[PDB]
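# Architecture at a glance
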Amino acid sequence: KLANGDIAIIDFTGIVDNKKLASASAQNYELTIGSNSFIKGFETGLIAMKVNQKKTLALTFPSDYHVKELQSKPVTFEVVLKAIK
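By the naming in the PDB entry, the protein goes by TRIGGER FACTOR and is assigned to Mycoplasma genitalium. As recorded in the PDB, this entry has the title "PPIASE DOMAIN OF THE MYCOPLASMA GENITALIUM TRIGGER FACTOR".

Here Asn18, not a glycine, exhibits a phi torsion of approximately 85 degrees, which is positive. Within the secondary structure layout, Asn18 lies in the loop between β1 (6–16) and β2 (19–20).

Right, let's get into the packing of aromatic side chains. Enumeration over the complete set of coordinates arrives at eight aromatic pairs. The interplanar angle of 85 degrees and the centroid separation of 4.8 Å between the aromatic rings of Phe12 and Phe42 together place this pair among those described as edge-to-face. Here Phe42 lies in helix α1 (residues 42–47) and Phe12 lies in strand β1, a separation of 30 residues in the sequence. The burial state of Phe12 is the same as that of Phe42; both residues are buried. Pairing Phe61 with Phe77 gives two aromatic rings, centres 5.1 Å apart and planes at 85 degrees, and the pair type is edge-to-face. One end of the pair, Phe61, is in the loop between β4 (53–57) and β5 (76–81); the other, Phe77, is in strand β5, with 16 residues separating them in the sequence. The same class applies to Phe61 and to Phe77, which are both buried.

Moving on to the side chain of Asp11. Along the chain, the position of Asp11 falls in strand β1. Among buried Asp, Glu, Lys and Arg side chains, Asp11 stands out as unpaired, with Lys82 the closest opposite charge at 6.2 Å. For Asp11, the contacting residues outside a window of four places in its chain are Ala26, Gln27, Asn28, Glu78, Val79, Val80 and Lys82.

Here we take up the environment of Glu30. Positionally, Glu30 belongs in strand β3 (residues 28–33). Classification of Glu30 by relative accessible area gives exposed; the value is 60%. For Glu30 and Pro74, which are 44 residues apart along the polypeptide, the C-alpha to C-alpha distance reads 23 Å.

The next subject is the pattern of salt bridges. This structure, assessed with the given rule, holds one salt bridge. A salt bridge links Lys54 to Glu78; the shortest N-O distance between them is 3.7 Å. Of the two residues, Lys54 sits in strand β4 while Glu78 sits in strand β5, which places them 24 residues apart along the sequence. Among the residues examined, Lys54 registers a relative accessible area of 56% and is labelled exposed. With relative accessibility at 21%, the residue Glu78 sits in the partly exposed group.

Scoring rules and cut-offs
Residues numbered from 1 in each chain as written, not as in the entry; some residues may be left out. Heavy atoms only, no water. Helix = DSSP H or I, 4+ residues; strand = E, 2+ residues; numbered from the N terminus. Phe/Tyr/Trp six-rings, centres within 6.5 Å; stacked < 30°, edge-to-face > 60°. Buried < 20%, exposed > 50% of the residue type's maximum accessible area, 1.4 Å probe, protein only. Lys, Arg positive; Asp, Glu negative; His and termini not counted. Salt bridge = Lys/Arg side-chain N within 4 Å of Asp/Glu carboxyl O. Contact = heavy atoms within 4.5 Å.

Structure follows, in structure tokens:
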């Protein structure tokens, strides 16, 4: 399992309950798990599984988000657990 302190190139598709938007739609996004830049529950959900794994977790959207909308938005994240160190 790829835990913190690693870079997770996760292709996470922001699916809003059946529908798929472009905002939360990220592909091979070289994310850093352990930078505290992503919301709580997101970066982690990817660090708990291995790589090349399809993490279609229905995560919520906290106020911390830069967008007012994703302050309280229960979204469906299709995170393709790809990870680069």
